[PDB]
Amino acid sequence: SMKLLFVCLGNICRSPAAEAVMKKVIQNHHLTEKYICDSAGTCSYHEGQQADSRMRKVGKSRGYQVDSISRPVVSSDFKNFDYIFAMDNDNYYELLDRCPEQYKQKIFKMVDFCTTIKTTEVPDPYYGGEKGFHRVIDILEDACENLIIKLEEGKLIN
């Protein structure tokens, strides 16, 4: 059973949505015995908090239960998870900075699985309106669908 970790800064907007969307995609592909998901953040500021009330609202409205409790990436995560997906460039380089050498090859950018939406990142929606939250979901429905295909093709093996 392969383990997938989605990472943003605070683990209250983007990566909780990523986690929900992926769980949904996996279940639709009848793959729940093979892949499990979790999410975490580079920063521990929001540790213990529920997902942002706006993202839960927009999430539910888009067909998703965004039910995570914020938690920070820890050292065991680099060992215990099989693949780790950063929401933006800052998360990406921050994760690489902390990751032991033997494990760096597990780290990917979420947006490098996007096949239709042209974006450099999953943009931080916190300081904007609800349209920004839908945009996050849009990007995650694109990336996540392609990702399950690529995992199942064994393309992520280094």
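Note that residue numbering follows the sequence shown and begins at 1.
- Looking at the other PDB entries for this protein, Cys13 is absent from the model in a third or more of those that include the residues around it.
- Compared with other PDB entries of the same protein, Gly48 is missing from at least a third of those that resolve the residues around it.
- Looking at 109-117 and 96-104 together, the entry lists the larger mean B-factor for 96-104, computed on C-alpha atoms.
- For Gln49, the recorded CA B-factor ranks within the highest third of the chain. Only modelled residues enter the ranking.
- Looking at the C-alpha B-factors along this chain, the one for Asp82 belongs to the middle third.
- For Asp90, the recorded CA temperature factor ranks within the middle third of the chain's modelled residues.
- Sort the modelled residues of the chain by CA B factor and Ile157 lands in the highest third.
- In the PDB entry, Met2 places in the highest third of its chain by CA B-factor.
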